[PDB]
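In C-alpha coordinates, the next block holds one chain alone, the form deposited in one PDB entry.
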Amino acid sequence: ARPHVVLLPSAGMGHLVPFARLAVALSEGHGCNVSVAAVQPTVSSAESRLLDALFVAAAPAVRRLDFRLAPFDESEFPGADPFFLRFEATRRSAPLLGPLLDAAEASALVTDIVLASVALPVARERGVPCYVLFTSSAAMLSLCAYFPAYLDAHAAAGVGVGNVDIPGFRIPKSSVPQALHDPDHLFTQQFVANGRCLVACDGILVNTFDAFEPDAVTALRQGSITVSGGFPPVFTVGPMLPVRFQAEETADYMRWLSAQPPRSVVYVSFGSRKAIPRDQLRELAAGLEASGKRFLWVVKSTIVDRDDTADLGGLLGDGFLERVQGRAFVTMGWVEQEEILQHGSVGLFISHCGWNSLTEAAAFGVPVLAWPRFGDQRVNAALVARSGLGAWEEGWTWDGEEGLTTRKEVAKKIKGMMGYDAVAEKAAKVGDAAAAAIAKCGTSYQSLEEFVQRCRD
(Lines give C-alpha, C1' and ligand atoms only; values in the text may rest on other atoms or scores of the structure.)
Protein backbone atom coordinates (compact mmCIF):
# COMPACT_ATOMS: atom_id res chain seq x y z
CA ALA A 1 0.00 0.00 0.00
CA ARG A 2 1.20 3.46 -0.93
CA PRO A 3 1.37 5.98 1.91
CA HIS A 4 -0.33 9.24 1.05
CA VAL A 5 1.81 12.26 1.81
CA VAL A 6 0.34 15.71 1.50
CA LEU A 7 2.70 18.56 0.63
CA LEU A 8 1.98 22.18 1.48
CA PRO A 9 4.39 24.54 -0.27
CA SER A 10 4.29 28.29 0.23
CA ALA A 11 4.39 30.77 -2.68
CA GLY A 12 7.48 31.41 -4.85
CA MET A 13 9.92 29.16 -6.80
CA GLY A 14 12.27 29.08 -3.80
CA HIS A 15 9.61 27.12 -1.93
CA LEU A 16 7.90 25.23 -4.78
CA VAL A 17 11.04 23.79 -6.36
CA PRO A 18 12.19 21.81 -3.27
CA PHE A 19 8.62 20.62 -2.73
CA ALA A 20 8.41 19.44 -6.33
CA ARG A 21 11.73 17.58 -6.03
CA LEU A 22 10.63 16.02 -2.73
CA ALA A 23 7.38 14.89 -4.35
CA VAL A 24 9.32 12.90 -6.96
CA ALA A 25 11.82 11.54 -4.47
CA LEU A 26 9.02 10.21 -2.32
CA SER A 27 6.95 8.78 -5.20
CA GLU A 28 9.59 7.46 -7.59
CA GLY A 29 12.25 6.71 -4.98
CA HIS A 30 10.10 5.48 -2.04
CA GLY A 31 6.68 4.37 -3.47
CA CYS A 32 4.47 7.08 -1.89
CA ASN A 33 1.31 8.68 -3.31
CA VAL A 34 1.89 12.45 -3.04
CA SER A 35 -0.70 15.27 -3.10
CA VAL A 36 0.53 18.85 -3.53
CA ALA A 37 -1.90 21.29 -1.91
CA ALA A 38 -2.05 23.98 -4.61
CA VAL A 39 -3.76 27.39 -4.73
CA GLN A 40 -4.94 28.49 -8.17
CA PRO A 41 -4.00 30.66 -9.81
CA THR A 42 -0.27 30.79 -8.93
CA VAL A 43 1.29 34.21 -8.19
CA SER A 44 3.79 33.69 -11.09
CA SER A 45 3.89 31.89 -14.48
CA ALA A 46 7.05 29.91 -13.48
CA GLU A 47 5.17 28.23 -10.57
CA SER A 48 2.21 27.42 -12.85
CA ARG A 49 4.53 25.93 -15.51
CA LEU A 50 6.33 23.94 -12.77
CA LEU A 51 3.04 22.50 -11.35
CA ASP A 52 1.70 21.60 -14.83
CA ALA A 53 5.03 19.89 -15.65
CA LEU A 54 5.14 18.11 -12.27
CA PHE A 55 1.59 16.70 -12.58
CA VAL A 56 2.34 15.33 -16.11
CA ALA A 57 5.91 14.08 -15.44
CA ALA A 58 5.21 12.52 -12.01
CA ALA A 59 1.72 11.10 -12.88
CA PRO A 60 -0.08 9.32 -11.43
CA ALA A 61 1.72 9.08 -8.03
CA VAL A 62 2.06 12.90 -7.70
CA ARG A 63 -1.37 14.60 -7.87
CA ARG A 64 -2.90 18.07 -7.47
CA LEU A 65 -5.02 18.72 -4.36
CA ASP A 66 -7.08 21.90 -4.83
CA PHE A 67 -6.68 24.29 -1.89
CA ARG A 68 -9.28 27.08 -1.75
CA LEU A 69 -8.17 30.17 0.20
CA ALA A 70 -10.48 32.18 2.49
CA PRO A 71 -11.17 35.72 1.12
CA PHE A 72 -8.26 38.07 1.93
CA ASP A 73 -8.29 41.85 1.60
CA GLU A 74 -4.93 43.06 0.11
CA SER A 75 -5.77 46.66 1.37
CA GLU A 76 -4.27 45.59 4.80
CA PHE A 77 -0.75 45.66 3.21
CA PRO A 78 -0.76 48.43 0.57
CA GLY A 79 2.30 48.15 -1.73
CA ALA A 80 3.21 44.66 -0.43
CA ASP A 81 4.63 42.19 -3.01
CA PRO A 82 2.26 39.52 -4.45
CA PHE A 83 4.24 36.60 -2.88
CA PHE A 84 3.84 38.06 0.64
CA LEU A 85 0.13 38.71 -0.07
CA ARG A 86 -0.29 35.06 -1.19
CA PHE A 87 1.64 33.92 1.93
CA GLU A 88 -0.55 35.97 4.32
CA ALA A 89 -3.78 34.74 2.64
CA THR A 90 -2.51 31.14 2.94
CA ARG A 91 -1.52 31.67 6.62
CA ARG A 92 -5.07 32.96 7.42
CA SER A 93 -6.60 29.93 5.53
CA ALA A 94 -4.82 27.46 7.90
CA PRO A 95 -8.17 26.28 9.51
CA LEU A 96 -9.37 25.21 5.96
CA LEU A 97 -6.51 22.59 5.94
CA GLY A 98 -8.48 20.43 8.45
CA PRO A 99 -11.28 19.44 6.01
CA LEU A 100 -8.64 19.04 3.24
CA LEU A 101 -6.58 16.66 5.46
CA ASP A 102 -9.68 14.51 6.20
CA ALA A 103 -10.68 14.43 2.50
CA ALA A 104 -7.07 13.51 1.58
CA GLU A 105 -6.99 10.62 4.17
CA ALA A 106 -3.35 11.72 4.66
CA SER A 107 -0.67 9.43 6.15
CA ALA A 108 1.30 12.65 6.92
CA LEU A 109 1.45 16.41 6.25
CA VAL A 110 4.73 17.98 5.10
CA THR A 111 4.32 21.71 5.66
CA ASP A 112 6.56 24.48 4.38
CA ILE A 113 8.59 25.98 7.29
CA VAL A 114 6.95 29.45 6.69
CA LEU A 115 3.43 27.94 7.29
CA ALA A 116 4.54 25.60 10.15
CA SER A 117 3.18 27.64 13.10
CA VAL A 118 -0.37 27.69 11.57
CA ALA A 119 -0.27 24.23 9.89
CA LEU A 120 0.91 22.21 12.95
CA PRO A 121 -2.09 22.97 15.25
CA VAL A 122 -4.55 22.10 12.44
CA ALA A 123 -2.70 18.81 11.75
CA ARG A 124 -2.55 18.14 15.54
CA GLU A 125 -6.35 18.63 15.89
CA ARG A 126 -6.96 16.18 12.96
CA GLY A 127 -4.50 13.59 14.37
CA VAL A 128 -2.29 13.80 11.25
CA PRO A 129 1.50 13.64 11.71
CA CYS A 130 3.03 17.02 10.77
CA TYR A 131 6.57 17.24 9.34
CA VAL A 132 8.34 20.44 8.24
CA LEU A 133 10.31 20.92 5.02
CA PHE A 134 12.98 23.56 5.75
CA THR A 135 13.99 25.23 2.41
CA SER A 136 17.41 26.62 3.46
CA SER A 137 20.63 25.13 4.90
CA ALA A 138 20.97 23.21 8.21
CA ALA A 139 22.96 26.28 9.44
CA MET A 140 19.83 28.40 8.74
CA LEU A 141 17.66 25.76 10.43
CA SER A 142 19.90 25.89 13.56
CA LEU A 143 19.68 29.73 13.57
CA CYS A 144 15.90 29.46 13.12
CA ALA A 145 15.58 27.01 16.05
CA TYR A 146 17.97 29.03 18.32
CA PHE A 147 16.86 32.61 17.48
CA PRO A 148 13.74 32.81 19.75
CA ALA A 149 15.80 31.68 22.81
CA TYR A 150 18.50 34.18 21.78
CA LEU A 151 15.90 37.00 21.72
CA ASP A 152 14.34 35.82 25.04
CA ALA A 153 17.74 35.90 26.86
CA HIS A 154 18.21 39.62 25.86
CA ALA A 155 14.59 40.60 26.82
CA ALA A 156 15.14 42.94 29.83
CA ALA A 157 11.96 44.41 31.42
CA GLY A 158 11.19 48.02 30.38
CA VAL A 159 16.82 46.51 19.51
CA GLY A 160 18.47 44.65 16.59
CA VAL A 161 20.68 41.51 16.45
CA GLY A 162 24.37 41.11 17.41
CA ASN A 163 26.67 38.12 16.87
CA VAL A 164 24.53 34.97 17.23
CA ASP A 165 26.50 32.11 18.84
CA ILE A 166 24.47 28.99 17.99
CA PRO A 167 25.26 26.35 20.65
CA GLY A 168 27.18 23.43 19.08
CA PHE A 169 29.31 28.44 15.11
CA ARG A 170 28.99 32.21 15.36
CA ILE A 171 26.77 33.97 12.85
CA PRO A 172 28.42 37.43 12.74
CA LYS A 173 26.08 40.43 13.07
CA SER A 174 26.67 41.46 9.38
CA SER A 175 25.58 37.91 8.21
CA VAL A 176 22.24 38.03 10.14
CA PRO A 177 19.26 38.36 7.68
CA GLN A 178 18.64 42.14 7.53
CA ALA A 179 14.89 41.93 8.44
CA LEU A 180 15.69 40.19 11.82
CA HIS A 181 17.12 43.53 13.21
CA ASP A 182 13.51 44.92 13.20
CA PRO A 183 11.26 42.95 15.64
CA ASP A 184 8.06 44.33 13.98
CA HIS A 185 9.15 43.28 10.46
CA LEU A 186 6.68 40.76 8.94
CA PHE A 187 9.59 38.44 8.02
CA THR A 188 10.83 38.63 11.65
CA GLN A 189 7.38 37.85 13.16
CA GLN A 190 7.02 34.67 11.02
CA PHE A 191 10.71 33.70 11.48
CA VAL A 192 10.28 33.72 15.29
CA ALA A 193 6.79 32.12 15.28
CA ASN A 194 7.88 29.28 12.93
CA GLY A 195 11.14 28.78 14.88
CA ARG A 196 9.26 28.44 18.20
CA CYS A 197 6.98 25.69 16.82
CA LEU A 198 9.81 23.55 15.30
CA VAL A 199 10.39 21.60 18.59
CA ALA A 200 6.66 20.50 18.61
CA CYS A 201 6.57 18.92 15.10
CA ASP A 202 7.05 15.20 14.14
CA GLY A 203 10.23 15.77 12.08
CA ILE A 204 12.16 18.28 9.95
CA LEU A 205 13.23 17.63 6.34
CA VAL A 206 16.27 19.64 5.14
CA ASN A 207 17.60 19.74 1.52
CA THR A 208 21.23 19.05 2.54
CA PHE A 209 23.61 16.14 3.31
CA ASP A 210 25.40 15.29 6.59
CA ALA A 211 28.92 15.63 5.05
CA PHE A 212 28.04 19.16 3.78
CA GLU A 213 27.00 20.53 7.24
CA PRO A 214 28.25 18.02 9.88
CA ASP A 215 28.27 20.42 12.88
CA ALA A 216 24.82 21.98 12.21
CA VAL A 217 23.15 18.57 11.64
CA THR A 218 24.92 17.11 14.73
CA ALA A 219 23.79 20.02 16.97
CA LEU A 220 20.18 19.76 15.72
CA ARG A 221 20.14 15.94 16.27
CA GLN A 222 21.68 16.36 19.77
CA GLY A 223 19.08 19.04 20.66
CA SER A 224 21.88 21.54 21.61
CA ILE A 225 19.92 24.51 20.14
CA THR A 226 16.89 24.32 22.54
CA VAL A 227 16.39 25.20 26.26
CA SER A 228 14.79 21.77 27.04
CA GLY A 229 17.30 19.83 24.88
CA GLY A 230 14.35 18.29 23.01
CA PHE A 231 14.21 18.34 19.20
CA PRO A 232 12.35 16.27 16.57
CA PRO A 233 14.24 13.95 14.18
CA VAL A 234 16.12 15.73 11.36
CA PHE A 235 16.03 14.10 7.89
CA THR A 236 18.90 15.19 5.61
CA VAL A 237 17.46 14.28 2.17
CA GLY A 238 19.66 16.53 -0.07
CA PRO A 239 20.62 17.61 -2.54
CA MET A 240 17.25 16.67 -4.10
CA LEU A 241 17.69 16.05 -7.83
CA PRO A 242 15.79 18.01 -10.50
CA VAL A 243 12.55 16.44 -11.78
CA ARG A 244 13.00 14.72 -15.17
CA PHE A 245 10.73 16.55 -17.63
CA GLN A 246 10.34 16.08 -21.35
CA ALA A 247 10.97 19.30 -23.30
CA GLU A 248 9.81 19.29 -26.94
CA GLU A 249 12.17 22.10 -28.07
CA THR A 250 15.79 22.83 -27.08
CA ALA A 251 16.09 26.41 -25.71
CA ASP A 252 18.32 28.93 -27.57
CA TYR A 253 20.50 29.41 -24.46
CA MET A 254 21.14 25.65 -24.31
CA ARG A 255 22.05 25.77 -28.00
CA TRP A 256 24.38 28.68 -27.26
CA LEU A 257 26.01 26.74 -24.39
CA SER A 258 26.59 23.79 -26.74
CA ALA A 259 28.56 26.08 -29.09
CA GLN A 260 31.03 26.91 -26.24
CA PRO A 261 34.07 24.91 -25.04
CA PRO A 262 33.95 22.80 -21.84
CA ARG A 263 33.85 24.82 -18.56
CA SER A 264 34.31 28.13 -20.45
CA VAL A 265 31.05 29.80 -19.43
CA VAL A 266 30.29 31.87 -16.38
CA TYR A 267 26.61 31.56 -15.53
CA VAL A 268 25.14 34.47 -13.60
CA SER A 269 21.86 34.42 -11.68
CA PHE A 270 20.63 35.99 -8.45
CA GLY A 271 17.61 33.75 -8.06
CA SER A 272 13.97 33.53 -8.99
CA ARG A 273 13.13 37.15 -8.37
CA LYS A 274 16.01 39.31 -7.12
CA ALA A 275 16.36 42.50 -9.09
CA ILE A 276 19.38 44.73 -8.63
CA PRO A 277 19.84 48.54 -8.61
CA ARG A 278 21.15 50.09 -11.88
CA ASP A 279 24.49 51.09 -10.29
CA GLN A 280 25.27 47.57 -9.01
CA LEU A 281 23.95 46.14 -12.26
CA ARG A 282 26.29 48.39 -14.24
CA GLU A 283 29.32 47.26 -12.27
CA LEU A 284 28.28 43.66 -12.67
CA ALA A 285 27.90 44.07 -16.41
CA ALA A 286 31.21 45.91 -16.75
CA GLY A 287 32.95 43.32 -14.59
CA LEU A 288 31.67 40.50 -16.75
CA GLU A 289 32.81 42.25 -19.93
CA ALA A 290 36.20 43.08 -18.41
CA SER A 291 36.76 39.44 -17.38
CA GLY A 292 36.90 38.35 -21.03
CA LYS A 293 35.05 35.13 -20.28
CA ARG A 294 32.01 33.86 -22.07
CA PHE A 295 28.94 34.46 -19.90
CA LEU A 296 25.29 33.56 -19.70
CA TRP A 297 23.47 36.18 -17.66
CA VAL A 298 19.88 36.06 -16.57
CA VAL A 299 18.44 39.36 -15.44
CA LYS A 300 15.28 39.64 -13.41
CA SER A 301 12.73 42.37 -13.91
CA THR A 302 11.20 44.26 -10.95
CA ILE A 303 7.75 43.43 -12.33
CA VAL A 304 6.69 39.84 -11.85
CA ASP A 305 6.40 37.82 -15.11
CA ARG A 306 7.76 40.73 -17.23
CA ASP A 307 10.19 39.66 -19.99
CA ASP A 308 11.76 43.09 -20.76
CA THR A 309 14.15 42.26 -23.63
CA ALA A 310 14.14 46.01 -24.57
CA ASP A 311 14.83 46.84 -20.87
CA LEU A 312 18.29 45.33 -21.47
CA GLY A 313 19.09 48.26 -23.75
CA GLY A 314 17.60 50.66 -21.25
CA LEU A 315 19.29 49.01 -18.28
CA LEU A 316 22.77 48.34 -19.68
CA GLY A 317 23.05 50.30 -22.89
CA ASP A 318 23.25 49.20 -26.48
CA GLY A 319 27.03 49.48 -26.51
CA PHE A 320 27.58 46.87 -23.83
CA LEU A 321 25.30 44.45 -25.64
CA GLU A 322 27.09 45.13 -28.90
CA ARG A 323 30.58 44.67 -27.42
CA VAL A 324 29.91 41.34 -25.72
CA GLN A 325 27.79 39.95 -28.55
CA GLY A 326 30.29 37.26 -29.56
CA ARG A 327 30.84 35.76 -26.08
CA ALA A 328 27.65 36.32 -24.10
CA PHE A 329 24.00 35.41 -23.86
CA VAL A 330 22.04 37.95 -21.84
CA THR A 331 18.32 37.61 -21.20
CA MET A 332 15.43 38.79 -19.04
CA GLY A 333 13.51 35.59 -19.67
CA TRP A 334 13.11 32.70 -17.28
CA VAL A 335 15.63 29.92 -17.84
CA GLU A 336 15.69 26.34 -16.68
CA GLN A 337 18.58 26.75 -14.27
CA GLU A 338 18.83 23.05 -13.43
CA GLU A 339 19.55 22.26 -17.09
CA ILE A 340 22.15 25.00 -17.43
CA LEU A 341 24.06 23.75 -14.39
CA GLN A 342 24.31 20.21 -15.82
CA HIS A 343 25.87 21.52 -19.05
CA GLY A 344 29.57 20.80 -19.58
CA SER A 345 30.35 24.26 -20.93
CA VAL A 346 29.59 25.97 -17.62
CA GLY A 347 32.71 26.59 -15.57
CA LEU A 348 31.46 29.07 -13.01
CA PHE A 349 28.27 30.10 -11.30
CA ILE A 350 27.97 33.56 -9.89
CA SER A 351 25.15 33.11 -7.44
CA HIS A 352 23.23 34.99 -4.75
CA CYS A 353 23.53 31.90 -2.49
CA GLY A 354 19.85 31.07 -2.43
CA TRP A 355 19.73 27.54 -1.08
CA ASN A 356 18.09 25.85 -4.04
CA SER A 357 20.70 27.29 -6.39
CA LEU A 358 23.43 26.14 -4.03
CA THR A 359 22.02 22.60 -3.86
CA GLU A 360 21.93 22.50 -7.64
CA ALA A 361 25.53 23.69 -7.83
CA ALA A 362 26.58 21.13 -5.22
CA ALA A 363 24.79 18.29 -6.98
CA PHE A 364 26.53 19.05 -10.26
CA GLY A 365 29.91 20.05 -8.84
CA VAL A 366 29.85 23.55 -10.27
CA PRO A 367 32.12 26.15 -8.66
CA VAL A 368 30.24 29.07 -7.12
CA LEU A 369 31.36 32.68 -6.93
CA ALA A 370 29.26 33.68 -3.93
CA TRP A 371 27.66 37.10 -4.09
CA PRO A 372 25.08 37.10 -1.27
CA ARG A 373 22.49 39.87 -1.33
CA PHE A 374 20.06 39.44 1.62
CA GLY A 375 18.42 37.15 4.15
CA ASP A 376 20.10 33.79 4.50
CA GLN A 377 22.54 34.41 1.66
CA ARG A 378 25.58 35.36 3.78
CA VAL A 379 25.08 32.35 6.03
CA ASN A 380 24.85 30.19 2.90
CA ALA A 381 27.92 31.97 1.42
CA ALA A 382 30.02 30.89 4.39
CA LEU A 383 29.03 27.27 3.72
CA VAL A 384 30.09 27.63 0.10
CA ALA A 385 33.54 28.81 1.18
CA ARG A 386 34.10 26.28 3.97
CA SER A 387 32.83 23.37 1.87
CA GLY A 388 35.06 24.17 -1.07
CA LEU A 389 31.99 24.54 -3.30
CA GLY A 390 33.17 28.05 -4.20
CA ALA A 391 34.70 31.31 -3.06
CA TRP A 392 33.30 34.23 -1.11
CA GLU A 393 34.74 37.69 -0.73
CA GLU A 394 33.42 38.68 2.70
CA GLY A 395 34.24 42.33 2.10
CA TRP A 396 31.77 42.66 -0.78
CA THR A 397 28.72 44.55 0.47
CA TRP A 398 25.14 43.28 0.60
CA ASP A 399 21.72 45.03 0.76
CA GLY A 400 21.55 47.94 3.19
CA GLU A 401 25.30 48.34 3.28
CA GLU A 402 27.13 51.27 1.73
CA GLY A 403 29.68 50.78 -1.03
CA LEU A 404 29.66 49.44 -4.55
CA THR A 405 31.49 46.28 -5.49
CA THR A 406 33.37 47.44 -8.57
CA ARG A 407 33.85 46.07 -12.04
CA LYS A 408 37.55 45.52 -11.33
CA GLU A 409 36.82 43.44 -8.26
CA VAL A 410 34.31 41.40 -10.21
CA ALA A 411 36.66 40.89 -13.15
CA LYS A 412 39.58 39.85 -10.95
CA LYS A 413 37.41 37.47 -9.01
CA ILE A 414 35.98 35.85 -12.17
CA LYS A 415 39.48 35.52 -13.74
CA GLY A 416 40.85 33.95 -10.56
CA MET A 417 38.02 31.45 -10.20
CA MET A 418 38.35 30.39 -13.84
CA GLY A 419 42.15 30.51 -13.68
CA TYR A 420 42.87 28.37 -10.62
CA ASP A 421 42.71 24.59 -11.03
CA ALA A 422 41.92 23.96 -7.38
CA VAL A 423 38.56 25.74 -7.59
CA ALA A 424 37.11 23.24 -10.04
CA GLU A 425 38.71 20.33 -8.18
CA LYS A 426 37.24 21.40 -4.83
CA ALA A 427 33.80 21.87 -6.35
CA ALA A 428 34.03 18.43 -7.98
CA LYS A 429 34.79 16.89 -4.59
CA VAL A 430 31.59 18.45 -3.22
CA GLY A 431 29.69 16.89 -6.11
CA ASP A 432 31.20 13.49 -5.35
CA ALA A 433 30.13 13.72 -1.72
CA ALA A 434 26.61 14.78 -2.65
CA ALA A 435 26.38 11.88 -5.10
CA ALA A 436 27.46 9.49 -2.36
CA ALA A 437 24.82 10.88 -0.03
CA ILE A 438 21.87 10.49 -2.40
CA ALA A 439 22.84 7.04 -3.60
CA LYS A 440 21.53 3.84 -2.05
CA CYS A 441 23.14 3.46 1.42
CA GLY A 442 23.98 7.17 1.44
CA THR A 443 22.92 9.39 4.33
CA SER A 444 20.35 11.32 2.29
CA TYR A 445 18.77 8.15 0.92
CA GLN A 446 18.80 6.70 4.44
CA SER A 447 17.01 9.79 5.76
CA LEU A 448 14.30 9.62 3.11
CA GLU A 449 13.83 5.91 3.77
CA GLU A 450 13.46 6.53 7.49
CA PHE A 451 10.96 9.32 6.86
CA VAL A 452 8.81 7.14 4.63
CA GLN A 453 9.12 4.32 7.21
CA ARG A 454 7.50 6.62 9.76
CA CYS A 455 4.81 7.48 7.21
CA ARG A 456 4.02 3.78 6.69
CA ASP A 457 3.76 3.15 10.44
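Heads up: residue numbers just count along the shown sequence, starting at 1. Between two forms, the rigid core is defined as the largest C-alpha subset superposing within 1.5 Å.
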So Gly158 and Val159 are neighbours in the shown sequence, but is anything from the deposited sequence left out between them? Give the count as none, 1 to 3, 4 to 9, or 10 or more. 1 to 3
Classify the number of deposited-sequence residues missing from the model between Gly168 and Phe169: none, 1 to 3, 4 to 9, or 10 or more. 1 to 3
Which of 180 to 188 and 134 to 142 has higher mean CA B factor, as the PDB entry lists it: 180 to 188
Please compare 386 to 394 with 64 to 72 and name the stretch with the higher mean C-alpha B-factor in the deposited structure. 64 to 72
Checking the entry, which one of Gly375, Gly292, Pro367, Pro277 has the top C-alpha B factor? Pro277
Which of these has the highest Cα B-factor in the record: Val39, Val423, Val410, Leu50? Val39
Determine, from the deposited record, the chain-internal third of the Cα B-factor for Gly442: lowest, middle or highest. highest
Quick check on the deposited entry: does the C-alpha B-factor of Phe320 sit in the lowest, middle or highest third of its chain? highest
When the deposited Cα B-factors of this chain's modelled residues are ordered and cut into thirds, is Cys32 in the lowest, the middle or the highest one? lowest
Which third of the chain holds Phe87 when residues are ordered by C-alpha B factor: lowest, middle or highest? middle
In terms of the CA temperature factor given in the entry, to which third of its chain does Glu339 belong: lowest, middle or highest? middle
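There is also a form deposited in another entry; it is not shown, and the following applies to it.
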Please name the single residue among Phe374, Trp256, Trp334, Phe84 whose Cα shifts by at least 2 Å between the shown form and the other one after core superposition. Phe84
2 Å or more on the CA of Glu105 between the shown form and the other one, with the rigid core superposed, yes or no? no
Taking the rigid core as reference, does the Cα of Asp307 move 2 Å or more between the shown form and the other one? yes
Using a rigid core alignment, state whether the CA of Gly230 is displaced by 2 Å or more between the shown form and the other one. no
If the CA atoms of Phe134 and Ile303 move by 3 Å or more in the other entry, do they move toward each other or away, so closer or farther than here? closer
Direction of the Cα shift between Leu296 and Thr309 in the other entry, where the change is 3 Å or more: farther
